[PDB]
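Data first, discussion second: the structure below is written as structure tokens.
Derivation of every value follows stated rules applied to the coordinates shown; laboratory data play no part. Backbone-built Cβ (ideal geometry, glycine too); neighbour counts: all protein chains shown.
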Amino acid sequence: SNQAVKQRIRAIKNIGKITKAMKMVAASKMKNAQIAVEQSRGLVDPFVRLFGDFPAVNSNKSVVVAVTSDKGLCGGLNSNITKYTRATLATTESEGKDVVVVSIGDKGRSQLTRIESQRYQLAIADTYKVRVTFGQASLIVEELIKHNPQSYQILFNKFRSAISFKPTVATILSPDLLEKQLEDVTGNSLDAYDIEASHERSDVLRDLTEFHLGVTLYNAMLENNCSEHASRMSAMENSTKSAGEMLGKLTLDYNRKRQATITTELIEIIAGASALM
Amino acid sequence: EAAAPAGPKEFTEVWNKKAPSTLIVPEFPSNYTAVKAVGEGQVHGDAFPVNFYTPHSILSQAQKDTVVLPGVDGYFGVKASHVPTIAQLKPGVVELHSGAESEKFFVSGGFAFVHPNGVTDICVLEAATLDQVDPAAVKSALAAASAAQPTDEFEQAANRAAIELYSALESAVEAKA
Amino acid sequence: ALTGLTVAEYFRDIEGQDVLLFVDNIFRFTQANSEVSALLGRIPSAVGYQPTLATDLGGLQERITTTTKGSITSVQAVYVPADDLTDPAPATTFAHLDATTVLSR
Amino acid sequence: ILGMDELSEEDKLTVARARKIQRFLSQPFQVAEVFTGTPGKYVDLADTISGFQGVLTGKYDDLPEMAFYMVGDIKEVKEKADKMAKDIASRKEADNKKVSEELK
Amino acid sequence: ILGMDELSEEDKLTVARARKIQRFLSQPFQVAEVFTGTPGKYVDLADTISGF
Amino acid sequence: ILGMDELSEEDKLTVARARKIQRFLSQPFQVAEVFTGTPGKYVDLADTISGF
Amino acid sequence: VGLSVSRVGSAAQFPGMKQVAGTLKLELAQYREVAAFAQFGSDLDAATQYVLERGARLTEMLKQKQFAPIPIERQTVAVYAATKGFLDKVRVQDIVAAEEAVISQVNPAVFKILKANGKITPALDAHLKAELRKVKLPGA
Amino acid sequence: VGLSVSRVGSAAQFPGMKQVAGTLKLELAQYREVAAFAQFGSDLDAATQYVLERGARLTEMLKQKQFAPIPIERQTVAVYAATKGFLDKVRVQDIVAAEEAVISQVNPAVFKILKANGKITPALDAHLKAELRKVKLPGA
């Protein structure tokens, strides 16, 4: 009757307190994990300066990884890159080739094993519990070069700002399969570089492409972690707004029920007293 | 042969054919990089821009005139307009030069590119300068490394990397002028 | 409140002044008139107020006006019961209020 | 209080099918056509069962939610999702101008 | 709303201890054997102070 | 949640104006000068509109 | 506009105002499909930026100061200019000035023709679109 | 503390308490504003952690057992021992040998001076901080 609305008010009030605390928690996490995102942006520059950027390559095998989140109050991030994953994957699979879809974060294994299920071989999680390190991303890249595809698509949300998260695809051509072929311009463009390695160019390109996969995978999950924090900071602001709006309507409903309660109890007392007096 | 012109602007039209018009086109990492390799410039004299990178820290994006890198065929100096190269670095000391002033970082490996537009890029994984490393544990680490040698291939490759890095670090700590 | 308003009305009508009239907690005027109406055996209105609520407030508030001789301006402290602006006493007081001065901590 | 992005994948399908069937329950009336403009729709019983079978089983997850709104039967849902996608392609059809007309 | 996974082992311990206390406050009754089946228990005062 | 660092100057002229506006609403009263020391100020209407 | 109805004077409407106001109410109906979640909640489409930056014009068209009622022939011309698209390049801050500029600058013969004929005739909408393209909408 | 009012207020309290409880009610109000953050694991920006530890110790300082009321000069030094930062800033498994250790270890002359003057004079707060720094806590 009139106690259920008061306990629902007491529910939504500390739900709003929870989400107001969670917004500042995610905001402090976004502020602390911004400098690492700014530092890791440097090392992805020389590899796309050297190897270029060729997303629409015709390959035989491609490992596509979608870097999702771990906990799921981000509010429209892990489904937006699932949409972007299928949108960039239908673009680049019309050659009759095999495609391996991977997800980093266990909110992507819940969203990717029902839309592309039989092409889903690997699921990685818990990468944001302590922090994101380069040895962790190098091990993840080692399980990515367990199989040897001709491309590595990395789907992640680039932390452009605290408001805007542009989803970014990044591609890594494996060396002898696609990289030595996709650089030929009347000869080659890589032949301008004087290889100063121990063994031949076919091995220094192998080391360079594995290191480029590790570098952009580390930067991808770091950018996606910062976008997770900055999207949770906005989703919890929306939850405070909604649980203040719901609380404001439910307060008026409780006031109407309270006024009607005193009126009906008083009318009952007057109707009892008018039968006797 | 260049009969397949892949790229970011060629990806956009195939994405406008096969992916729907509900979503804006995804970004690419070449949209965030203002400096390329073949687009000429950046030298303008005797200096040339350096890019000393670790995965966790940007160590220098200033403009130097001499860069000393520890390549696997030995040390080599990079002056203003070097030949374009891709130099695999061994453990050694990278030395930056601004003139009278110098920065001497000891790196752990990695690569170093010189590009046809005169820019250079040093891509290491851990670059600790020489006051941050102690000379007491490098000899303890080499004595714990070069003595116990497993004949297994993975452990002996790790041991070869250990004795190479610790020997270069021992030869680098007392060779400060 | 009618006593204080009469002392103000002599300054309005005879002196020809612009007198102020401060009613501390007009809700207590409403509550006292509700208690007088309840003691006289009258059936209470909505939530517990007098049936004469709008007219007992209007018998006070309509004598606070500007005439051709002078004016009475009234600053009434308003208490809001259970912080309900839709309670009949603040909702009936607010139909006469020409301004509102919120003082906050 | 949380948005649809925190729902399960099985529950987002429930919300989509329910928002389709609660637009599909609405209907224009022959007595309401004087103040609404749209003509009324009399719907036979078999058309209602055949339409709601198709929306329950999942045959019309392609069509948008507003294609179900204020239409007669399940045919008019498809014939409104056509008109809703001719019209977004009718952003670039022509530039309408009537010239040399004032002395006709 | 969160899920009891981030509470840093001081509030995750006080959940498990209080849940063991909630289950430990329950007791089979001698008069409730004929609709639960479990035999009843008499727990003495010094025997429940140490147990809690 | 963010600070004065991420405020635009278009959203910092509003702060620098609103702070001195909410200061300028304050005013010393004549009836308080017997225990506050500072004298009271009577502000005209035209002076209020001009000064705001 | 979503709750207030009038189902008896709907047939008793001035024609011309019935010619434009049905489209006005339809556009304000599909304006309330993006009402206060343009980019406030999660995302913005930028293909339905047009319905937002047109519903704001139709909202600012209907604002009207106190003690100044308008004849109906000067209301149907204002909603004609707001609906047919003669005010989309006017900024939202000055549509209230653009409306009085339209009413002042368009010649008063079209008001008498629309008031006497009681509908925007096909002989009248051509002259109205002629007189509506030579108005000096301020700013922009 | 948030719902308890006193309309007579600070004009009818101990002047030794008046200078020390004024910081206390502001610290407790700041602790009430941030009291949702207390049951979070990911630690915040260390300005809210400071009030969340300070107010959580100040609410422990207001506890009291039944039928043992305290004189006002002892509650004044007990609030001075907690609002001035002298309180158990070590890990708080030392509580029972830390709450009344102030009133059992500080020499009872300062209670006589604080009761007689009714105020924490400038000639007394020096010895107050001195005696509050040399507290024993021999139980650890």
> Which percent of Cα-Cα pairs in the range A:198-277 sits in each 5 Å bin, short to long?
Replying inline: 3, 11, 8, 8, 6, 7, 6, 6, 5, 5, 5, 5, 4, 4, 3, 3, 3, 2, 2, 1, 1, 1, 0
>> Between the range A:138-185 and the range A:23-53, how far is it from one alpha carbon centroid to the other, in angstrom?
In response: 16
> Can you list residues whose amide H is under 5 Å from residue C:19's amide H, if they're 5+ apart or on another chain and H is modeled 1.01 Å from N?
Replying inline: C:71, C:73
> Under the definition of partner shielding as Cβ atoms of other protein chains within 10 Å of a residue Cβ, what is the mean value for peptide A:54-60?
Replying inline: 6
>> Connecting C-alpha atoms closer than 10 Å in a GNM of chain A, tell me which of A:18, A:81, A:195 has the biggest fluctuation.
In response: A:195
>> Shape verdict for chain C, please, from the Cα gyration tensor: rounded (a/c under 1.5), prolate (a/b greater than b/c) or oblate.
In response: oblate
> Based on the Cα gyration tensor of the protein assembly as shown, what are the three equivalent ellipsoid semi-axes, each the root of five times an eigenvalue, rounded to whole Å and given largest first?
Replying inline: 62, 52, 35
> Given the Cα atoms of the range B:37-133, and with Rh set as the inverse mean 1/r over their pairs in the Kirkwood sense, what is Rg to Rh to two decimals?
Replying inline: 0.94
> Using the Karplus equation 6.51 cos²θ - 1.76 cosθ + 1.60 (θ = phi - 60°), what ³J(HN,Hα) coupling, rounded to whole Hz, does each residue of the range H:52-66 give in order, writing x for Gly and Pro?
Replying inline: 6, 8, 5, x, 6, 8, 5, 6, 7, 6, 8, 5, 6, 7, 7
>> Above 21 Å lies some portion of the pair distances; for the range H:24-131, what is it as a whole percent of all C-alpha pairs?
In response: 43
> Which entries in D:12/D:86; A:97/A:166; A:241/D:12; H:89/H:136; B:79/B:139; E:12/H:84 show an alpha-carbon gap greater than 25 Å?
Replying inline: D:12/D:86; A:97/A:166; B:79/B:139; E:12/H:84
> chymotrypsin sites (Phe, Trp or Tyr not before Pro), restricted to the range B:1-99: which are DSSP loop and have at most 16 other Cβ atoms within 10 Å?
Replying inline: B:32
> What list of ³J(HN,Hα) values in whole Hz, one per residue of the range E:19-25 in order, does the Karplus curve 6.51 cos²θ - 1.76 cosθ + 1.60 (θ = phi - 60°) give from phi, with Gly and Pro shown as x?
Replying inline: 6, 5, 6, 4, 5, 6, 6
> Which of the listed residues, B:142, B:171, B:161, is farthest toward the dipole's positive end in the range B:134-173, when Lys, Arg count +1 and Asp, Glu count -1 at the beta-carbon?
Replying inline: B:171
> Is it possible to state the helix-based mean residue ellipticity at 222 nm for the protein assembly as shown, with each DSSP H run of 4+ residues giving -39500 (n - 2.57), the sum divided by total residues, to the nearest 500 deg cm²/dmol? What is it?
Replying inline: -13500 deg cm²/dmol
>> Straight-line reach only, C-alpha to C-alpha below 16 angstrom: list the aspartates and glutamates that residue A:20 could link to, leaving out same-chain residues fewer than 8 apart.
In response: A:237, A:245, H:33, H:43, H:45
>> Loop only by DSSP, 12 or fewer other Cβ within 10 Å of the Cβ. Give me the trypsin sites (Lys or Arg not before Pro) in chain F that pass, ordered by residue number.
In response: F:12, F:41
> Near residue H:63, which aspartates and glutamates are there with a Cα under 20 Å away, not counting those fewer than 8 places off in the same chain?
Replying inline: H:27, H:53, H:73, H:88, H:94, H:99, H:100
> What ranking of G:80, F:42 emerges when the number of other C-beta atoms within 10 Å of each C-beta is taken as an exposure proxy, fewest first?
Replying inline: F:42, G:80
> So which residue, out of B:158, B:127, B:87, gets the largest mean-square fluctuation from a GNM of chain B using Cα contacts under 10 Å as springs?
Replying inline: B:158
>> Roughly how far apart, in whole Å, are the Cα centres of the range A:60-87 and the range H:82-139?
In response: 59
> With a ≥ b ≥ c the root eigenvalues of the C-alpha gyration tensor of the range A:1-100, is it rounded (a/c under 1.5), prolate (a/b larger than b/c) or oblate?
Replying inline: oblate
>> Could you tell me how many cubic angstrom of Cα convex hull volume chain B has per residue?
In response: 200
> Restricting to the protein assembly as shown, what percent of DSSP beta bridges are antiparallel, rounded to 5?
Replying inline: 60
>> How charged is the neighbourhood of residue D:93? Take every other residue with its Cβ under 12 Å from the Cβ of residue D:93, and add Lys/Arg as +1 and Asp/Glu as -1.
In response: +1
> Any idea what the alpha-carbon Rg over 2.2 N^0.38 Å comes to for the range A:25-235?
Replying inline: 1.02
> Which of B:134, B:152, B:46 moves most in a GNM of chain B, Cα contacts under 10 Å?
Replying inline: B:152
> Name the trypsin sites (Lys or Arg not before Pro) in the range G:1-44 that are in a loop by DSSP and that have at most 16 other C-beta atoms within 10 Å, would you?
Replying inline: G:7
> Can you list the residues of the range F:32-52 with backbone N under 12 Å from a point 7 Å past the Cα of residue C:18, pointing along Cα to Cβ?
Replying inline: F:45
> When the Cα centres of the range G:1-75 and the range A:203-277 are compared, how far apart do they sit, in Å?
Replying inline: 31
